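In structure tokens, the next block holds one chain alone, the form deposited in one PDB entry.
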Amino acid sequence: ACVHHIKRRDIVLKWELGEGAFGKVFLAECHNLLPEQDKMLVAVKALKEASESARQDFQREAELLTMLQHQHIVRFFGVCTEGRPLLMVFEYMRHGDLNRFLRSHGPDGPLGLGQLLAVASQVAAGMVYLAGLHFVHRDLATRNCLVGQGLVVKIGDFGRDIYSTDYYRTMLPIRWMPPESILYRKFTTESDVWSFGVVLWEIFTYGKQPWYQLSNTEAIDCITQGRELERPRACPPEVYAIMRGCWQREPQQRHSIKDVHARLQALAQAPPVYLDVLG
């Protein structure tokens, strides 16, 4: 609702974390932001376009970001609209995006079953919060989740460049989409549940691409024909049953995210005795 304004001179740019067609993402130090922290690390999203239409969409986005307040949603600290580029200030998530984190802590040391369940439960918690507000993400994927201090996982959205392999042309993240979104461009709480099922599969494959053996066109055929991603080796049968509940063809037959979260949280507190090496 009421967007916080940060003075330009309170932001000290330290490094470039990434860039897209929108502009750049920087690592920065922000002064006079949090109490007892005279200097603190932040991630700064800088918009290249300064047009009156870009400014209005930026204001809309900033207001929405101000409203979202949750333990597993990336924190937004405010804006800097002191001329071009328009800046958005977020907490800095020191371990980067979940997709890269899963691949860097994969068998290629490796995250254990308990750690994989805690990651999945935390992504589910953030989605319970979004579903409660009737907020539809539309791009739920591990590339849009972030890992901070102490394996804390939060949902975000990079809006960047390194993941254009994940979108097919308007750019659509087709491998994470249910049949009703591919065919009709219909995005709901139910399509977010399907994308969560795919997020679960990415977690338990340590960040592999869904349908990696196939081109975008072939993956659309698999999805729209009712083909299902196979059970990952690190995935216990109890977690795969949760993924399958997310992937019902009909949106009305998929489980609610609150129920998916409650099942995952119960397994994260008491992990099933499952050894990936024994299958």
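Heads up, when I say rigid core I mean the largest set of C-alphas that superpose within 1.5 Å between the two forms. Residue numbers here begin at 1 and follow the sequence given.
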query: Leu68 unmodelled in at least a third of other compared entries; finding: no
query: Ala50 left out of the model in a third or more of other PDB entries; finding: yes
query: Count class of deposited residues lacking coordinates, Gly159 to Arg160; finding: 1 to 3
query: Selected stretch [higher average CA B-factor]: 137-145 or 173-181; finding: 173-181
query: Per the entry, higher mean C-alpha B factor between 219-227 and 234-242; finding: 219-227
query: Among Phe204, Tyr168, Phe101, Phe76 - the residue whose C-alpha B-factor is largest in the record; finding: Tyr168
query: Deposited CA B-factor, highest of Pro85, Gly197, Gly114, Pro110; finding: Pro110
query: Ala270, C-alpha B-factor rank within chain (lowest, middle or highest third); finding: highest
query: CA B-factor placement of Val42, once the chain's modelled residues are sorted into thirds; finding: lowest
query: Relative C-alpha B-factor of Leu33, binned into the chain's lowest, middle or highest third; finding: highest
query: CA B-factor ranking of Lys208, expressed as a third of its chain; finding: middle
query: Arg60 by Cα B-factor - lowest, middle or highest third of the modelled chain; finding: highest
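What follows is about the form deposited in another entry, which we do not show.
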{"item": "Only residue that shifts (Cα, 2 Å or more, rigid core superposed) between this form and the one not shown, among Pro179, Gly207, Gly148, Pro85", "value": "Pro85"}
{"item": "Rigid core fit then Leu267 CA moved by 2 Å or more between this form and the one not shown", "value": "no"}
{"item": "Core-aligned C-alpha movement of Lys14 between this form and the one not shown reaching 2 Å", "value": "yes"}
